[PDB]
Structure formats: structure tokens, C-alpha cells
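Chains as they are written, first to last, in the numbering used here: chain A, 42 to 255; chain B, 574 to 670; chain C, 2 to 210.
Even for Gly, the Cβ is constructed at its ideal location relative to N, Cα and C.
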């Protein structure tokens, strides 16, 4: 049976170059057409480029035309996509896919595991933690940090009940932000101290923010 | 409008009663010949390997042409690269040897 | 170009569902469907006419009338809660085009209304000349919600960031939404609203300067 090995999960700055490579085994490769098809984080599939069995026909989605290039080496059962001048919107997972026929087409009967490509303007940044003052509900806004991930805890890790950390959202600025919100009794606001522990290891940051009632 | 000799003209199918020539819907269905049929035949839709050489009219069904590097009535085939011993690929013919 | 399919549908286990994909080029190019279980390579389901690769269930069936293709699952089992996209060539013939995808949920747990909590900007942030509203949603099933922001009465698209729903310990979903604004934009309006449309019904929370 068919096998397809992608590779090269790359982090790259905008305007930079990658060369996604796909190798294929377990079927005659030069009998069949190929194509790259992507998908940005949790937002629908998108066709990138197509190639003919021989290498003649080559199709490119308007969103990439002129920027990327497609080519196969039937001698090495390989298919590439050179990327040039990346865009922040090229942030996607990229699947090399076998088109069912010999001609250039839209029936991808096989899909590689897909390589992840990340394009970010931003550089490493520590978070700016703001407290979310107040059964009461308080928390910590872990605003503007790069890259992923970050560890949130409470009272030196001594509290694990009522704790909820939400997955971080990449902003249009390219800097992540998340919230952790804990639920506590109304009586606790007079007898207990509430500090969150935010540790961002990629930037070597440890911030302990006190949450006091406004 | 009116069925000549029990038959409706190309691009039409006769009505249920027998008195009217209803026209085929362009893009949807067609008829090629003088006929007393109850419906027009639906247009052929193109498969992957193919492009729409002539779009489907009312008098004419759709022509799907095999793409660059293949040829044809069920699926586009890959062209024979070389010839056998002692002996050009088009969108409708293999290589001739 | 662009063929539009509903972003979210549902079925009760053992029932039938038809996912339709609509686009003025599906008048002259056969469709084709894929299935994408969360964090797998899409898996081809029904290519054109109505033929299915070896290995995909009988249950599945592709159809076409006019400018609409339609994937149809009979007796949808548990192992069908996945994303199904469609594709054809574009209007011409050179490009390929994918449907916006449909989140097909298979009904396991009974339906749950979302739990909204909205936070106005903290004084510390405003002192740094910043302002961020935080709208936190949880405990909803099925996991597909429309989050909207309002300035008094007017829809606000700019400054908004939102996450894609995810399964909690309770199997229900949760999502977060953020509105970044200048403190001058914060004071210029009477009220700011976070509106969560789930299964039609919308839950609204409001905060004021």
C-alpha cells in the first residue's frame, strides 16, 4: 500500500524560504499526479499547488501564485514545494497529497501526515500579567507573549480546585494571550491570599502576581 | 411551442399531455434530436482528469477533455511513454507506433 | 470559485445526515469529499459520480443535482463525528476549491447551553493606556458557537481574537474571546456586549464604563 513521508516542520521569519519535500513509496509514483493542500490552525482546508505525473502541468492558488513553486523528481519518487517570501498567513500545516489520476486533479485519495510551517514576525517575548480582580471569580490575564507554551499555577501550586486555564489565542500582532480563572468562596477574599505563578521558560520569566479585590 | 408531427424540436422535451414543447434548462439538461421525450437528459459533469472543452448547451451535451498528459469513456489513462520494438499522445489518443 | 457549505450540522446516532455543498461550478465538475478526524490527515470519502474507495463504509453516498453536491451518511455511527469538506475545480478548470467544511457532530451527550463570563478591563491595564475585555465561554455541547462583539449597538470586528472550541473534562466545549481597545474607545461608549449564539439561542453579557 501507499506511503507518503513529508518532513521539515519549519519555523521561519516572513520573507524567508522553505523547501517542503514529500517522498512516496508503495505505488508507482510517476503514474500519478500530486498536490499540496494546507490548513491553518482550526480553519478549513486550502489547496496550494498541483503537479502532473510528468511535471508539465503545474497549478497554483492565487493566494500563493508566484511565491511558491512545485516540482517532482520521478527518479527519487519525490515531490517538492519551494517557498519564497513567506507570509504571516502561510502559517499552516501542509499535506502533500496523491491525486488519484495521472492528470492534474482534485481527488486526493492519499494524504501525508503533513508538515507544520509557522511564519511569525514576532520575537521571543515574556508575558505582561494583569490580575483579574473580583461564589467569586478571579484570575490572571497572561497577555502578549511568544512563543508557546506557558505554565499557569496558583499559590505556589497549592491550589488545584476550581482552576481553569484557557488555550491561548495568537493575536494579529503575533503575540499569544491566555487566561486562567479560578472560582473561590466569598469568605476567602478576607482570609486568603491569591497569587498566580506564570512561568515562560523560552524567555526565562517568572512572574508572581497578587490578585487583590478592587 | 408546438409539437411538429408529434415531436418536439432539439433543445425541447414534449409535455405530459402532448400539446407543448417545454425547453431544456441550459446548464442543467439537453436534447440533441427531434423527440417526444418527457424530460431532457442531464448534462455530463466533468471528472478530475478533465476540463470542459464545450459547456453543455440545450442541443449539446458537455465535452470533457482529458488533461495535459492523459487520454480517453470511463477514466483518463496515462500515455504510453515509449513504443514497443519494430514500431504523439493527445487528449483523445495514445501514442501511435 | 468558493463553494459554500454550512459550518455545522448534527445527527442522532443511527440516523441519516446530508451535507450539501453549493457552487456555480458544481454545474460542470463532479464533486469529491474528505473526512478529517481532529488531527488526522484528511481522508477521501466519495470521489465524484457516486463511487467510494475500498475501505470506507457502505453507509456513505455522494449525489449531485444542479450546482449542489451532497454527501449522505446513513445510520451515522459514533466514528463519524468529524469534519467533511468538498472540492471541485474552480469555474474554469485549473484551480481546485474546497468547501468551508462542516463540523458534523454525532449526538452522544444531551445539548448544553454555554456558560459566559465577561470581564471589563482592570484598572492596572487602563493605567498602561490599554483596555482588554475577556469573554470566557464553557460547558456547551455541541461545540460550535458564534461569538459577537458590540459597541453599544454597533458590531465590532476589529480588535477581536477568538479560539476554536475544545473538549473539557466533562466532554463539553469551551472557548475564549478577547476585545482589545484604546482607553479612548472604551470611554466613548455606554456599554460593551459579548454575544454567544449557540444552537440558535444567544446568551449575552454586558459591561459598562
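Beta-carbon separation (whole angstroms), residue i vs residue j, contact threshold 8 Å
i, j, result
"residue 96 of chain A", "residue 76 of chain A", "Actually they are not in contact, since the Cβ atoms of residue 96 of chain A and residue 76 of chain A sit about 13 Å apart, beyond 8 Å."
"residue 49 of chain C", "residue 620 of chain B", "6 Å"
"residue 161 of chain A", "residue 215 of chain A", "5 Å"
"residue 107 of chain C", "residue 81 of chain C", "5 Å"
"residue 91 of chain A", "residue 622 of chain B", "That pair is no contact at about 12 Å."
"residue 166 of chain C", "residue 174 of chain C", "4 Å"
"residue 172 of chain A", "residue 251 of chain A", "7 Å"
"residue 643 of chain B", "residue 143 of chain A", "5 Å"
"residue 167 of chain A", "residue 47 of chain A", "The pair is not a contact, with the Cβ atoms about 33 Å apart (cut-off 8 Å)."
"residue 6 of chain C", "residue 21 of chain C", "7 Å"
"residue 97 of chain C", "residue 195 of chain A", "With a Cβ gap of about 49 Å, residue 97 of chain C and residue 195 of chain A do not count as contacting."
"residue 53 of chain C", "residue 46 of chain C", "7 Å"
Candidates the options: closest to residue i by CA position
i, options, result
"residue 88 of chain C", "A:125, A:128 and A:148", "A:148"
"residue 221 of chain A", "C:139, C:193 and C:208", "C:139"
"residue 164 of chain A", "A:188, A:255 and A:44", "A:188"
"residue 11 of chain A", "A:211, A:241 and A:204", "Coverage of chain A is limited to positions 42 through 255, which leaves residue 11 of chain A absent and any answer about it impossible."
"residue 579 of chain B", "B:599, B:603, B:656 and B:607", "B:607"
"residue 630 of chain B", "B:576, B:574, B:583 and B:590", "B:583"
"residue 16 of chain C", "C:79, C:33 and C:65", "C:79"
"residue 61 of chain A", "A:103, A:141 and A:119", "A:119"
"residue 200 of chain A", "A:238, A:168 and A:186", "A:238"
"residue 128 of chain A", "A:121, A:159, A:100 and A:154", "A:159"
"residue 43 of chain A", "A:196, A:140, A:198 and A:248", "A:140"
"residue 628 of chain B", "B:660, B:574, B:666 and B:601", "B:601"
"residue 194 of chain C", "C:10, C:149 and C:182", "C:149"
"residue 116 of chain A", "A:241, A:65 and A:175", "A:65"
"residue 131 of chain A", "A:208, A:114, A:151 and A:104", "A:104"
"residue 229 of chain A", "A:197, A:68, A:253 and A:134", "A:253"
Residue i burial status per 10 Å Cβ neighbour count (16 or more: buried)
i, result
"residue 40 of chain A", "Residue numbering for chain A in the displayed model covers 42 to 255; residue 40 of chain A lies beyond these limits and cannot be assessed."
"residue 93 of chain A", "buried"
"residue 176 of chain A", "exposed"
"residue 70 of chain A", "buried"
"residue 209 of chain C", "exposed"
"residue 137 of chain C", "buried"
"residue 155 of chain A", "buried"
"residue 592 of chain B", "exposed"
"residue 3 of chain C", "exposed"
"residue 207 of chain C", "exposed"
"residue 65 of chain C", "buried"
"residue 28 of chain C", "buried"
"residue 226 of chain A", "exposed"
"residue 616 of chain B", "buried"
Distance cut-off 7 Å: residue i Cβ against heavy atoms of the ligand HEM
i, result
"residue 619 of chain B", "Among the components modelled here there is no ligand, and therefore nothing to report on the ligand HEM."
Item to check | At least three beta-carbon pairs within less than 8 Å, the segment 233-245 of chain A to the segment 187-205 of chain C | outcome: no
Next on the checklist: Any contact between the segment 197-209 of chain C and the segment 153-163 of chain C? By contact I mean 3 or more CB pairs, one from each, below 8 Å.
Outcome noted: no
Checklist entry - Per the contact definition of three or more C-beta pairs closer than 8 Å, is the segment 647-658 of chain B in contact with the segment 110-119 of chain C? => result no
Checklist entry - Three or more C-beta pairs closer than 8 Å, one from the segment 64-80 of chain A and one from the segment 171-183 of chain A: is that the case here? => result no
Item to check | At least 3 beta-carbon pairs within less than 8 Å: the segment 53-66 of chain C vs the segment 91-105 of chain C | outcome: no
Next on the checklist: Ignoring anything shorter than 3 residues, give me the beta strand (DSSP E) runs that lie fully in the segment 38-124 of chain C, in order along the chain.
Outcome noted: Taking only runs of at least 3 residues, the beta strand (DSSP E) segments lying wholly in the segment 38-124 of chain C are 44-47, 61-66, 69-74, 84-90, 97-99, 103-108 and 116-120.
Next on the checklist: I'd like to know if the segment 583-594 of chain B and the segment 190-198 of chain A are in contact, where contact means that at least 3 CB-CB pairs between them fall below 8 Å.
Outcome noted: These segments do not touch.
Item to check | Secondary structure, beta strand (DSSP E): runs of 3+ residues fully inside the segment 171-207 of chain A | outcome: Runs found: 177-186, 192-195 and 204-206.
Item to check | Uninterrupted beta strand (DSSP E) stretches inside the segment 90-114 of chain A (no shorter than 3 residues) | outcome: 99-101 and 109-114
Checklist entry - Which full runs of the alpha helix (DSSP H) of 4+ residues lie inside the segment 118-188 of chain C, going along the chain? => result 124-128 and 184-188
Item to check | Unbroken stretches of the beta strand (DSSP E), 3 residues or longer, contained in the segment 615-652 of chain B | outcome: Residue ranges of uninterrupted beta strand (DSSP E) with 3 or more members, entirely inside the segment 615-652 of chain B and ordered along the chain, are 623-627 and 636-639.
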